[PDB]
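Peer 1: experimental structure below, sequence on top.
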Amino acid sequence: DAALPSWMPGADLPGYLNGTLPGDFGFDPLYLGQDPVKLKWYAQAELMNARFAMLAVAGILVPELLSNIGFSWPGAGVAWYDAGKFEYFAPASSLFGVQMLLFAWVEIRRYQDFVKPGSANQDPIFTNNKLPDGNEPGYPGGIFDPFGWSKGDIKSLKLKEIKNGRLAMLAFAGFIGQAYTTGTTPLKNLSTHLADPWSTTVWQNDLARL
Amino acid sequence: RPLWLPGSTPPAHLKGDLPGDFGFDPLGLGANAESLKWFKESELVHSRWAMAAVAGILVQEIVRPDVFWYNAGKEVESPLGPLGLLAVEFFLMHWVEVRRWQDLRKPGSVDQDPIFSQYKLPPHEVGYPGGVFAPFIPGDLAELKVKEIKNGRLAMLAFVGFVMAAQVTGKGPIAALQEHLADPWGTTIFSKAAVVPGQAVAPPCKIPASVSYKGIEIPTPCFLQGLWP
Amino acid sequence: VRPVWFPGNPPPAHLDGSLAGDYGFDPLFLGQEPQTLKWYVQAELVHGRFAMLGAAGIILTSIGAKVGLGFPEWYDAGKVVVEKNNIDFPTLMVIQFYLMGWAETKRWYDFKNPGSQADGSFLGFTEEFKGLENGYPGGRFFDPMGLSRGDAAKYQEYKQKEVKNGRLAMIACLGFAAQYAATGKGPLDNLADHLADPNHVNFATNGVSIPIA
Amino acid sequence: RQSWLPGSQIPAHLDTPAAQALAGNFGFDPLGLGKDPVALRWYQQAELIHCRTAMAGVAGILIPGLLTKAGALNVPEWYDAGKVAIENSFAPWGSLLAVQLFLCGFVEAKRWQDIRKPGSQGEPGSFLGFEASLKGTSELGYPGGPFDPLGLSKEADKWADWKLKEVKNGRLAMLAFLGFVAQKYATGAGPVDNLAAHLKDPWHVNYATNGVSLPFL
Ligand code: CHL
Ligand code: CLA
Ligand code: CLA
Ligand SMILES: CC1=C[C@H](O)CC(C)(C)[C@H]1/C=C/C(C)=C/C=C/C(C)=C/C=C/C=C(C)/C=C/C=C(C)/C=C/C1=C(C)C[C@H](O)CC1(C)C
């Protein structure tokens, strides 16, 4: 509600969005972050869902692109939605069991910081090890920023993080929809479009499926 | 001030400020200020669209006589399929229409190029973007604002003529003028239709009822055929 | 002074010429009590506005049937639509009571409490549901062109035309039912027959309206 | 003031500040059942227990049902699950119900006595040292303590929102159970089938075409 960037040039934006969070373009048509305590939780949520979505999309597209090329390895042409039934060294169940244990420790360590900032910046075992005092929930830094990037224009870097994440979160949503609708991998869906974009729009595809 | 009916008193709301104000508002549709502000833009948009369509339909008939404008949608064939063409049109018009609309809702809030910060339209009026959209002005702008509305009101009435002529004669604008010029006494609508207390006679629709296009069958109805004279 | 329904007879006291279409007609004093008169005002407007849409619907579909456009007669349209389009009557009827129910209940509580539907309770909409007058809910949804909020005299004249055209349509819909019941034909079939023979084809010769004829 | 019916007259007994302190107060009591404050307090407790039981039961009918529809589960329909479970159980239904009434009655009696006098179950020396935790909070129907293991009720800036979600989700689950009973008697199928069938042809598959709900049309 000032002169900060807007999702719709000329609109009256919500005052609660004041440009303190990265990517504050005043977009809250349903007035969800109007309450400050909800907005505080939603900021971390958006950052967490974005950071996993960014890793996911990378780990979904890179292997497919390598598969198209001559790159050889166990996965090869394994479709992301078919990776679960793939046979690995250990039973899925076992792996999941380990994953939930390992994550219980890290999530509750991250959650402790969020509820009390700077309360989990110390190594439980090697007490001497720790994270620099200056810390905000969602931005642990220290050994999580091993190259010092945070030191430079941190605000621009945080905006690049939120922007790339929102696109990744939308990409994953695409992968889910396009996979269930076109029943094929994303880079295959892109090849179909690049071959004949005009005749390969969701409109025509869904019309044919009707 | 010239009026639509010489010797008449114009509506109180129609003073003479707007271009094309000949004191014509019999139903009082423009007595509300905020409503007049919308209808003024609507008249301009309708005028410019109609002027281009009447120009295009006449030129298309000269350059492409074999193709009847009414049958162009089904006849025109391009490698960009109907859907591909429509998608592109939908996105491009959504952007331009929203940008123009926001100008009406908040004047001066959409004069800046969203990609290049160095380019912004100078302060202007709704309906008259100017700036890059007006590279040359051959004469007084006020006079051309009258020429634009007058040429637009005529074009808007011409298109409606092209449509009804197409449904009553099955021919493009020029082909009709020629039919009329061949036999004016037997080509007017009066010489094509007649209703008297005893009976009713109306020209038949000359437009097929449905068109077959890419295995869809598009409904193609005549306009208020039941109420046709 | 104001033209009355029975020239020479004084207008009733509860009728002071303030309401649109006030010709002092209330022989049974049914609107003698004010609040009751306000309710009957909305009733006549609601009945009249539906009759105007009804009459215009029957006249157009009757014209399309008179010509060869395949429009069913008004008394046969309900079955044609459901049959040709395989529409489930029960579903359509319940959907109608859902939509009408919502709109009617909101209009009802506006009558009970004027302006009470402009609190933003409905999707945050406030001014479009405040209401200008009893039976006249202007705003930007119901009066999208602002004819009620521009030229007070034009608004009064339009109200007179609305009530008179609504009372005419209400009389015309009673005529469409009586004529169908007495003749078994459509309305524009009845007009063609009369126009053909106005002295020998009328109600006096229909064999039903006057039993001793 | 939010209203169940915009423009309607809200009962004065629901506009009183104490009544407004109650979660889900949309001014709905057309029959005037809660005019008496003492009754309004009992009915608020009754609504809370119905809400929390309906939410647990409906979750135990829908969630398993959707998982079975997918395949992740093979649970029987809710209306057939008793027979299936008792078929291979260690006990007949009567013995299982007798044990249920004993254990439920005990905890229901303690909750009851807490309504008659809030904080009474903390009577020192009444429960081998647990009575200290058996005392609820200042709000009846919100015991917290051991019943709030994660201490979410300790955040005063989120208390009201949490209670509103519990009442609204509870009122929805209560209506979803009534719907499960009505739809079972009118269809002869389960709630997940009823949903799929309607979604296939919503205009021809509904309660207006069930041949029971509307015997007049
Ligand atoms: C707890 C009981 C309760 C009851 C009995 C009512 C009853 C009523 N409320 Mg009310 N309300 C209630 C709670 C609440 N209301 C509101 C907020 C409102 C508002 C804002 C309004 C009402 C209105 C009304 C009336 C609507 C009249 C009508 O014909 O509607 C039936 C109309 C319908 C459209 C039916 C709805 C749909 C139908 C059930 C089928 C749904 C089909 C869909 C396809 C669903 C598909 C979903 C999928 C796609 C995801 C009505 C008497 C209206 C009124 O008249 O106010 C004067 C109104 O404007 N209520 C809230 C929130 C504050 C409530 C509770 O929290
Ligand atoms: C940045 C996200 C993103 C991107 C780049 C794409 C890209 C593509 N999608 Mg898609 N999709 C997305 C998200 C996305 N999608 C989401 C969130 C959904 C809903 C779950 C879908 C559901 C979907 C379906 C059902 C289909 C596609 C299809 C396609 C392909 C061409 C057909 C098409 O355009 O359909 C239309 C796609 C949309 C209308 C989604 C809008 C794009 C999102 C919202 C981005 C917003 C626009 C913004 C300017 C960013 C543009 C991208 C940027 C890199 C320039 C194409 C390569 C078609 C296909 O598979 O081809 C074979 C197809 O049928 N998508
Ligand atoms: C609303 C205006 C309008 C519309 C909807 C159409 C529509 C059509 N014209 Mg047409 N035309 C118009 C104006 C218009 N014309 C004008 C003003 C002229 C005079 C210059 C012509 C001259 C003309 C000729 C000679 C022919 C057509 C033809 C056609 C038909 C197929 C050709 C085609 O469009 O392929 C694709 C068109 C293009 C690829 C050109 C792209 C558009 C240009 C390059 C950009 C201009 C943008 C402009 C500034 C935007 C403002 C315009 C305004 C109306 C909004 C088609 C139905 C052809 C036909 O009849 O086919 C049977 C044909 O022979 N037109
Ligand atoms: C407020 C008011 C006021 C005014 O004044 C008046 C009036 C209106 C009257 C009122 C209203 C009221 C109402 C609406 C009520 C409703 C209720 C309900 C529905 C409940 C439910 C309720 C419900 C509930 C609890 C539920 C429960 C359930 C459960 C446990 C479950 C169980 C189970 C399961 C899991 C599964 C299996 O296999 C089986 C079984 C065994 C079955």
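Peer 2: Received, thanks. Numbering: from 1, shown residues only, chains lettered A, B, ... in the order given. Ligands and ions are numbered 1, 2, ... in the order given.
Peer 1: count the neighbours of residue C:43 for me.
Peer 2: Residues lying near residue C:43 (other Cβ atoms under 10 Å in any protein chain shown) number 11. Yep, even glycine has a C-beta here, placed from its N, CA and C like the rest.
Peer 1: meant to ask about residue B:126
Peer 2: Other residues close to residue B:126 by other Cβ under 10 Å number 16.
Peer 1: surely it touches residue B:106?
Peer 2: No: the criterion here is Cβ atoms under 8 Å, and residue B:126 misses it with residue B:106 at 10.2 Å.
Peer 1: nearest spatial neighbour of residue A:197, skipping sequence neighbours?
Peer 2: Leaving aside its sequence neighbours, residue A:197 sits nearest to residue B:84 (Cβ to Cβ, 6 or more residues apart in numbering or on different chains; 7.0 Å).
Peer 1: in the host helix or strand of that neighbour, what counts as buried?
Peer 2: Using DSSP states H and E, the element containing residue B:84 is helix B:82-105. Using 16 or more other Cβ atoms under 10 Å in any protein chain shown as the test for burial, helix B:82-105 gives B:82, B:83, B:84, B:87, B:99, B:102, B:103.
Peer 1: so who does the second one touch?
Peer 2: With contacts defined as Cβ atoms under 8 Å, 6 or more residues apart in numbering or on different chains, the neighbours of residue B:83 are A:198, A:199, A:201, A:203, A:204, A:207.
Peer 1: repeat for residue C:128
Peer 2: Neighbours of residue C:128 in contact, by Cβ under 8 Å, 6+ apart: C:118, C:139, C:140, C:141, C:142.
Peer 1: and the second one, how far from residue C:127?
Peer 2: Distance from residue C:139 to residue C:127, counting by Cβ to Cβ, to the nearest Å: 6 Å.
Peer 1: quick one, which of these two is more surrounded?
Peer 2: Ranked by neighbour count (other Cβ under 10 Å), residue C:139 and residue C:127 place residue C:139 first, with 19 against 11.
Peer 1: which residues in chain B form helices?
Peer 2: According to DSSP state H, chain B carries its helices in the segments B:33-63, B:72-75, B:82-105, B:141-169, B:173-182.
Peer 1: tell me the SS of the closest residue to ligand 2 within chain C?
Peer 2: Using Cβ to the nearest ligand atom, the single residue of chain C nearest to ligand 2 is residue C:123, 25.1 Å away. Under the three-state scheme (DSSP: H, G, I helix; E, B strand; the rest coil), residue C:123 adopts coil.
Peer 1: count the neighbours of it for me.
Peer 2: 5.
Peer 1: same question, residue D:43
Peer 2: Other residues close to residue D:43 by other Cβ under 10 Å number 15.
Peer 1: re the thing from before, how about the helices of chain B, which one is nearest ligand 3?
Peer 2: helix B:33-63 (2.6 Å).
Peer 1: need the longest helix for chain D.
Peer 2: Per DSSP H, chain D has its longest helix at helix D:37-70.
Peer 1: so who does the residue of chain A found nearest ligand 3 touch?
Peer 2: Relative to ligand 3, the nearest point of chain A is residue A:198 (13.3 Å; Cβ to the nearest ligand atom). Residue A:198 sits next to B:79, B:80, B:81, B:83, B:84, B:85 when contact means Cβ under 8 Å, 6+ apart.
Peer 1: which non-adjacent residue is nearest the second one?
Peer 2: Nearest non-adjacent residue to residue B:80, counting by Cβ to Cβ, 6+ apart: residue A:198, 4.5 Å away.
Peer 1: quick one, longest helix in chain A?
Peer 2: Chain A, longest helix under DSSP H: helix A:36-68.
Peer 1: other residues contacting the helix or strand following that one?
Peer 2: Using DSSP H and E, the helix or strand that follows helix A:36-68 in sequence is helix A:92-115. By Cβ under 8 Å, 6+ apart, the surrounding residues in contact with helix A:92-115 are A:44, A:84, A:88, A:119, A:120, A:121, A:135, A:137, A:138, A:140.
Peer 1: what angle sits between the helix or strand just after helix A:92-115 and helix A:36-68?
Peer 2: Going down the chain from helix A:92-115, the next helix or strand is helix A:154-182, by DSSP H and E. Angle of helix A:154-182 versus helix A:36-68, following axes from the mean of the first three to the mean of the last three Cα atoms, to 10 degrees, is 60 degrees.
Peer 1: name the helices or strands packed onto helix A:154-182?
Peer 2: Using 3 or more Cβ pairs under 8 Å, 6 or more residues apart in numbering or on different chains; DSSP states H and E, the elements in contact with helix A:154-182 are helix A:36-68, helix A:186-195, helix A:202-208.
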